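For reference, the structure discussed in these notes is given below.
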Amino acid sequence: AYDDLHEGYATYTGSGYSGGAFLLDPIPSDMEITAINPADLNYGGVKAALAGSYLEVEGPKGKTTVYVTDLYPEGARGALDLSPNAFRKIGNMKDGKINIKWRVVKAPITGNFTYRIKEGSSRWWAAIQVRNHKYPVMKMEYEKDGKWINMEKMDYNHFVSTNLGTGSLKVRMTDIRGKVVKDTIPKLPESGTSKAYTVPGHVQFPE
């Protein structure tokens, strides 16, 4: 049902390159991005399910793939708020709003995951974001005392949990198609950090 084609309208703005709700900065100024309505955003009951995903959008002039970096506040289902460069390729900007058909598509990237640890994170409370993923990340779990604890995905595109444990963290993430992948990131600090930081990933969802 995730591959299903979506129908809606699209507008444009230049607000997703910086300060987007999904905290995916920095976004290359020349990239094709988009803001997505709240309904479609939270797919499968998981908040920000499509955050960081890539959509293939088709307008009256053609198709293009966009990177979901922000939320489209009060937007209706199927509604998208594309960046100028993306909108211009599938439609006429002088039209202000265009009809579209889109669907989630494999991320046109290379490499493995990259994790972002939000400020204030530690072994007591942590928010961990997954970046550079081929498909949308549904669910993320970490291992503690031989058990896999499930982390709740938040609106700010980060998986949160408390009492993460000690030592390096063993995590496992599942995509929108049920594909699972395991990895291990360095230990979390003993006190909430002042600034967020990134940590390299060693895995990726299957093609």
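Read-outs throughout are calculated quantities, based only on the coordinates presented, and are distinct from any laboratory measurement. Virtual Cβ from ideal backbone geometry, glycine too; neighbours counted across all protein chains shown.
Brief remarks follow.
- Set of the stretch 110-126 residues, backbone N closer than 19 Å to the point 7 Å along the Cα-Cβ line of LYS179: 110-115
- A straight Cα-to-Cα reach below 19 Å connects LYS147 with the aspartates and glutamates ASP183, residues fewer than 8 places away in its own chain not being considered.
- Between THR193 and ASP30, the C-beta separation translates, for a Förster distance of 35 Å, into a calculated FRET efficiency of about 0.65.
- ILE109, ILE100, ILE27 arranged by Cβ crowding within 10 Å, fewest neighbours leading: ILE109, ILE27, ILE100
- Spread over its residues, the convex hull of the C-alpha atoms of the chain is 111 Å³ per residue.
- Cβ-Cβ distance of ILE149 and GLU7, R₀ of 35 Å, FRET efficiency by 1/(1 + (r/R0)^6): the value works out to about 0.35.
- Taking each DSSP H run with n ≥ 4 as -39500 (n - 2.57) and averaging over every residue of the chain yields -1000 deg cm²/dmol at 222 nm.
- Rounded to the nearest 20, the size of the Cβ-charge dipole of the stretch 35-136 about its Cα centre is 280 debye, with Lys and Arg at +1 and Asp and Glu at -1.
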